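In what follows, a single structure is set out as structure tokens and then discussed.
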Amino acid sequence: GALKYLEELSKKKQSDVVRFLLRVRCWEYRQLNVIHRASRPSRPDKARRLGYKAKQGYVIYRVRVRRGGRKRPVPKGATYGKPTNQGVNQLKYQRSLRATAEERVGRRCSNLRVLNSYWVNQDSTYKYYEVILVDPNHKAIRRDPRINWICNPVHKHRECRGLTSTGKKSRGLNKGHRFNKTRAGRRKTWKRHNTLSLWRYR
Amino acid sequence: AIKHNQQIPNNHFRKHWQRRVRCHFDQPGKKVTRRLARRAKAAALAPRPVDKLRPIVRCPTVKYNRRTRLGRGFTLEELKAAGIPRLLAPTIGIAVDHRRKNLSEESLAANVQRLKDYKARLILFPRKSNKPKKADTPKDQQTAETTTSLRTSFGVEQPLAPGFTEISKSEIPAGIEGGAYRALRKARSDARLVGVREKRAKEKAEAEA
Amino acid sequence: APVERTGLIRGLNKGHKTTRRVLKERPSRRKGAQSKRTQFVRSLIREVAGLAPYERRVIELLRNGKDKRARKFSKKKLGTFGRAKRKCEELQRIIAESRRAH
Amino acid sequence: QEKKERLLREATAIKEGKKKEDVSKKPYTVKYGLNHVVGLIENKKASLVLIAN
RNA sequence: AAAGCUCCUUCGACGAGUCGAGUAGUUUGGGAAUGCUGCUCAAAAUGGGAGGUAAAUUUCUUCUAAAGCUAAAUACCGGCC
RNA sequence: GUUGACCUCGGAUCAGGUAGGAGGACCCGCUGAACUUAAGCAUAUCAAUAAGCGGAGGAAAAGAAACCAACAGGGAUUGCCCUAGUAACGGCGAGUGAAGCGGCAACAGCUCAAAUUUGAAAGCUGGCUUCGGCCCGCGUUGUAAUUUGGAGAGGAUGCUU
Ligand SMILES: [K+]
Ligand SMILES: [K+]
Ligand SMILES: [K+]
Ligand SMILES: [K+]
Ligand SMILES: [K+]
Ligand SMILES: [K+]
Ligand SMILES: [K+]
Ligand SMILES: [K+]
Ligand SMILES: [K+]
Ligand SMILES: [K+]
Ligand SMILES: [K+]
Ligand SMILES: [K+]
Ligand SMILES: [Mg+2]
Ligand SMILES: [Mg+2]
Ligand SMILES: [Mg+2]
Ligand SMILES: [Mg+2]
Ligand SMILES: [Mg+2]
Ligand SMILES: [Mg+2]
Ligand SMILES: [Mg+2]
Ligand SMILES: [Mg+2]
Ligand SMILES: [Mg+2]
Ligand SMILES: [Mg+2]
Ligand SMILES: [Mg+2]
Ligand SMILES: [Mg+2]
Ligand SMILES: [Mg+2]
Ligand SMILES: [Mg+2]
Ligand SMILES: [Mg+2]
Ligand SMILES: [Mg+2]
Ligand SMILES: [Mg+2]
Ligand SMILES: [Mg+2]
Ligand SMILES: [Mg+2]
Ligand SMILES: [Mg+2]
Ligand SMILES: [Mg+2]
Ligand SMILES: [Mg+2]
Ligand SMILES: [Mg+2]
Ligand SMILES: [Mg+2]
Ligand SMILES: [Mg+2]
Ligand SMILES: [Mg+2]
């Protein structure tokens, strides 16, 4: 096959052939709208690895985000509290930039289900992503047991809750001693450790 | 404040604890609900037992490694030794675990015998009653007294080793050469000095030539 | 059958005696091995793509004789001492092959 | 349309009694498909390759 | 036509601006830094992660990340009884 | 020159569809205090709580190991009892604080990417239809069958389903 070579070549982001392609494409985008549709994936190997198929009901969108930190929005710089939380500048957002891209694409196409997303480009001001979506009302989708699990009503707006690959990472859903506090849900676990249980025959 | 001779108190009641208090007034009610579900489940599995066959396994720390209990499922090597295909096993009431390994001969032998005891007591009804197959019970043995627990009929017969036995005098063994206490001190001392002695021998041999 | 335990706690190969056995390796334990396909592809991609900017800098230090500099530079780029050492060996192999073929 | 005609001829032969490979001969065509052709190159079966620009 | 079992010389593809490293903020019982996120650097093929005191050298153990689905035991008197 | 393709981007009260609001006791995330305690007070505490914002169901979420361990080894996920007011954190002040093992309730396993069907895209949406199919379209920049590490592929071999 040919997608094996593409996977190897995509690792050499600092080579001459790849640096040229990234520079040219990053200019082509940023001349288009902030959110727009793509006719086909620009990374055929990466999208197929994440679940993309070439049949009716799969669509691709492209989006760019502002690529920085998060400034605390308050009138001027007053916080009206104690000195330990009066910082305004060097604070950070607890979700990823990749997550924000998925949420904004989901609102534009509100009849579709978000599957995954990947990185295509970046520069000093923006990062660029491509998002994969599936039509849950198309007949060719409801016919296939490998994908029709997404037509059920428990998967409405997965990206708004953290049920995509990037959402799982930020929640901390891994096994072992390092992920003690978040393994099964941070707020659920805190409630269990703070409950006073009284039995009948104490 | 404190005023007399007391134990220093530490009562963790400085949050809004009254928002999270779980009483159990439904303890008898939940017990009735569980028994109804077990009775319904047993009726659905009409002649079959209500459980699965488990293997015997030993606990993992220096505390508790003297005892045995039931595990999750049989290994792939145990199933092959008994002669049971891995696809057939979970459809006749046997549990399977694909990530446990046999590091010894003791555990392997114990579980292999357990499987062939079960295979001897099994009754297989044919898929179609008018066309029985040569691997099915020939229906003259289909009538017998059965069990429906599999956790009492195939439990842990003895989890601990016998605590007392008797031997004839003059057959008692002789001790270790210097005594049991001295043997323990020597074994500890050797471990603390293994690195020092190896380095000393190495530099001596290198300086020899 | 690596070794047989002594039979007492608190020793050098302490523990309860047991007849150990050797196992055939699980297919999960093959992860790091090489294969004919993955060697062929990686060879062709390196020829097409070429080198990276930090790689060229190390190549010049190595063939210029400096070695503490090349190692100290690679660690700053890659991050750890173990990865830096493996990279310098690979680039040294490229240097040798290039000036030996022709 | 050609394939449907060929399958009809083969089905008739089976019904008559003969098997296939008695009515249809070995085909010769041009190969295509990116993954299909890359494999033919590596196994050294291709004679000439034409690449779109 | 399709399916299971017993043996074997040889083969045996395995997820990248990802892991990892530095630095800033927040958080955790986690202490030369437990998790998350921003910026800079940026991999490999018996390779890679972990092995609760920072570092170099030599061994050992245990799994196989960066794609995905799935009932029961658990919570709740808001809704209808 | 004429004519015919392909790629990208548009129009239409074109044929057929789909989302918003309510509810929010319980569930999944983001954002975020001060009163109070320390007999004063800034790190700390109250609290990873109240208020604010987005998204679901009868349950949700989690889930079939890049786990625990250091043993004669256990073996997906969740909940109760115990571990334990313990290891540890802390103007080491006031205060805070888990996990492995052990018994039980309930038990269930799986599918993709990375391989040439190449002796035959074997796959699918839509329209019309005696009902048997026909027609355009999607798709080779890859739709079916086959394989998922517990393996498997390729060879032997002769029983069984
Ligand atoms: K405030
Ligand atoms: K602070
Ligand atoms: K404070
Ligand atoms: K960081
Ligand atoms: K290792
Ligand atoms: K360590
Ligand atoms: K159009
Ligand atoms: K209530
Ligand atoms: K609110
Ligand atoms: K204990
Ligand atoms: K076709
Ligand atoms: K397929
Ligand atoms: Mg299309
Ligand atoms: Mg899930
Ligand atoms: Mg996971
Ligand atoms: Mg009771
Ligand atoms: Mg390995
Ligand atoms: Mg993997
Ligand atoms: Mg915060
Ligand atoms: Mg930190
Ligand atoms: Mg219309
Ligand atoms: Mg709404
Ligand atoms: Mg109060
Ligand atoms: Mg005060
Ligand atoms: Mg006061
Ligand atoms: Mg005051
Ligand atoms: Mg609130
Ligand atoms: Mg509803
Ligand atoms: Mg329930
Ligand atoms: Mg669910
Ligand atoms: Mg697995
Ligand atoms: Mg083990
Ligand atoms: Mg478990
Ligand atoms: Mg006690
Ligand atoms: Mg306590
Ligand atoms: Mg706290
Ligand atoms: Mg098969
Ligand atoms: Mg075979």
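Values below: all heavy atoms of this structure, side chains included; hydrogens, waters and symmetry mates excluded. Chain A is the first sequence line, chain B the second, and so forth, proteins listed ahead of strands; every chain is numbered from 1.
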Just call it for [X]: base, sugar-phosphate, or nothing, with non-hydrogen atoms closer than 4.0 Å on any strand.
{"X": "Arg67(A)", "result": "sugar-phosphate"}
{"X": "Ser197(A)", "result": "sugar-phosphate"}
{"X": "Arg95(A)", "result": "sugar-phosphate"}
{"X": "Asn137(A)", "result": "sugar-phosphate"}

query = Would you say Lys168(A)'s side chain and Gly162(A)'s backbone share a donor-acceptor pair under 3.5 angstrom?
reply = no

key: With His157(A) via ring pair (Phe, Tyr, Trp, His ring centres under 6.0 Å) - residues at least two apart   = none

Give a yes or no on whether [N] and [M] are a Watson-Crick or wobble pair, applying the 3.5 Å threshold to both distances.
{"N": "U146(F)", "M": "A115(F)", "result": "no"}
{"N": "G91(F)", "M": "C41(F)", "result": "yes"}
{"N": "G20(E)", "M": "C41(E)", "result": "yes"}
{"N": "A156(F)", "M": "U57(E)", "result": "no"}
{"N": "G15(E)", "M": "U37(F)", "result": "no"}
{"N": "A50(E)", "M": "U62(E)", "result": "no"}
{"N": "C67(F)", "M": "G97(F)", "result": "no"}
{"N": "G95(F)", "M": "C89(F)", "result": "yes"}
{"N": "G51(E)", "M": "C60(E)", "result": "yes"}
{"N": "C5(E)", "M": "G158(F)", "result": "yes"}

ask   = CZ of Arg43(A): more than 12 outside heavy atoms within 6.0 angstrom?
value = yes

message = Reading RNA chain E from 5' onward, which residue's closest nucleotide shows up sooner: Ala52(C) or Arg49(A)?
response = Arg49(A)

remark   = When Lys75(C) and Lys127(A) are each assigned the nearest nucleotide of RNA chain E, the 5'-most assignment goes to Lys127(A)

Does the ring of [X] lie flat against the base of [N], closer than 5.5 Å centre to centre with planes under 30°?
{"X": "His177(A)", "N": "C68(F)", "result": "no"}
{"X": "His12(B)", "N": "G85(F)", "result": "yes"}
{"X": "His157(A)", "N": "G55(F)", "result": "no"}

Per [X] side chain, nearest of listed nucleotides [options]:
{"X": "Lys92(A)", "options": "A24(E), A144(F), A44(E)", "result": "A24(E)"}
{"X": "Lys82(A)", "options": "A34(F), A120(F), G35(E)", "result": "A34(F)"}
{"X": "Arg29(C)", "options": "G57(F), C63(E), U143(F)", "result": "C63(E)"}
{"X": "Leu173(A)", "options": "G15(E), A62(F), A105(F)", "result": "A62(F)"}
{"X": "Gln34(C)", "options": "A45(E), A42(E), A72(F)", "result": "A45(E)"}

ask   = What distance do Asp45(A) atom CG and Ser10(A) atom OG have between them, rounded to the nearest 0.5 Å?
value = 4.5 Å

task = Verify the distance criterion only: is there a donor paired with an acceptor across the side chains of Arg183(A) and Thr189(A) at less than 3.5 Å?
result = no

ask   = What pucker, north or south, follows for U77(F) from the sign of the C1'-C2'-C3'-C4' torsion?
value = north

inquiry  = Taking only side-chain N and O atoms of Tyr58(A), does any of them lie within less than 4.0 angstrom of OP1 or OP2 on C138(F)?
reply    = no

remark   = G142(F) glycosidic conformation (syn if within 90° of 0, otherwise anti) is anti

query = When the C1' atoms of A42(E) and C138(F) are considered, how many whole Å apart are they?
reply = 42 Å

inquiry  = Nearest heavy atom decides the nucleotide; on that basis, is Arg183(A) or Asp97(B) closer to the 5' end of RNA chain F?
reply    = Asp97(B)

task = Could you tell me which non-hydrogen atom of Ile14(D) sits nearest to which non-hydrogen atom of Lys20(D), and how far apart they are?
result = CD1-N, 4.3 Å

